[PDB]
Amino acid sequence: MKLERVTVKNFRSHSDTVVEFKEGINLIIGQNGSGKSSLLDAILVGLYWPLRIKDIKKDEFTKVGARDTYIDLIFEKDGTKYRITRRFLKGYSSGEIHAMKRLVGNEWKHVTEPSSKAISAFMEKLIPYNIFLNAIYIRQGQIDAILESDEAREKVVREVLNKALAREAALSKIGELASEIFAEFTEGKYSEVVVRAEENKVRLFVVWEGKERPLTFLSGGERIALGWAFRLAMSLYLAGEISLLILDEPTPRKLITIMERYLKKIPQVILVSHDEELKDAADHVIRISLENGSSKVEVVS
């Protein structure tokens, strides 16, 4: 899946936001409170309405203000360009209008009935809900939680993936994938990460000199590298392949190398951050700022 264009009108601080996405790493940059994460949220809801994204309530779309709330997402998947349009009307005569069309030549045509249920049903076939919200979308805090502790890690795994028979196999596979990725991250310094399952506790080890070692055995960058390797391994386990990554703001140097080496091999990456240092590591730079109480976009690269 490849996002192309997102238009958000009257959702949170986005009065009239239009963003064009392209191949490679797309960096959305700006100070805190600019509305980047909310734009991501808008994309997610735009894709998977009326399913629950995070703790977002439908009211934010259906019952705020007098002006229409408008979400318009254009994306490509398997050669076909799709366009989802959701319009929420306010006031006395309030309601909802939902459409999903595909591009035939130079004209948009409905892929299904213009209703929430049908569009949802279609999207479930196009890209299942749990896939996007776990394989594609990397929510902020998950890496930390992975690197926090065994219980937290267990929490993250349980969150991302969802009867221990499948749990074990899943963690084994994820172990393999994570080994493979972490082997790349550390340039072969390590070749095997061990993911052990226990009663409400997922243990994560790295092998050194044949013997296993815990998180503290690693350097500062090696740990974050391991966390990323694990999370990405889980994504890969879920999707079977990584074509699109949407990265919520990573906690505020190894990120640069992780971007330069790994993420640039991915067809499309959407990254949100306030860190200017990342600009050189991106293929396309979109700057967003809060002005007069509304988000404002400018294209840099």
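Don't overthink the numbering: it's just position in the shown sequence, from 1.
| message | I'd like the number of residues from the deposited sequence that lie between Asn162 and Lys163 yet are not in the model, binned as none, 1 to 3, 4 to 9, or 10 or more. | response | Unresolved stretch here: 10 or more residues.
| task | Please figure out whether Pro252 and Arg253 are truly consecutive in the deposited sequence or have unmodelled residues between them, and give none, 1 to 3, 4 to 9, or 10 or more. | result | Per the deposited record, the segment joining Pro252 and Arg253 lacks coordinates for 4 to 9 residues.
| query | Quick one: higher average CA temperature factor, 132-140 or 202-210? | reply | Comparing 202-210 with 132-140, the higher mean C-alpha B-factor belongs to 202-210.
| said: When the Cα temperature factors in the entry are averaged, is it 4-12 or 292-300 that ends up higher? | reply: Looking at the recorded C-alpha B-factors, 292-300 comes out higher on average.
| task | From the list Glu76, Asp72, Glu154, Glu96, select the residue with the highest C-alpha B factor recorded in the entry. | result | Highest CA B-factor of the listed options: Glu154.
| Among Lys58, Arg261, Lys36, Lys54, where is the Cα temperature factor highest, going by the PDB entry? | Highest C-alpha B-factor among the listed residues goes to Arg261.
| query | Against its chain's modelled residues, does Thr80's Cα B factor rank lowest, middle or highest third? | reply | Middle third - that is where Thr80 ends up once the chain's C-alpha B-factors are sorted.
| query | By the record's CA B-factor, is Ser235 among the lowest, middle or highest third of residues in the chain? | reply | Its C-alpha B-factor belongs to the lowest third of this chain's values.
| request: Divide the modelled residues of the chain into thirds by Cα B-factor and specify which third, lowest, middle or highest, holds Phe88. | output: Lowest third.
| request: Quick one: classify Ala66 as lowest, middle or highest third of the chain based on its Cα B-factor. | output: As the PDB entry reports it, the C-alpha B-factor of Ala66 lands in the middle third of its chain.
| message | Split into thirds by Cα B-factor across the chain's modelled residues, where does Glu23 land: lowest, middle or highest? | response | For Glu23, the deposited C-alpha B-factor lands in the lowest third.
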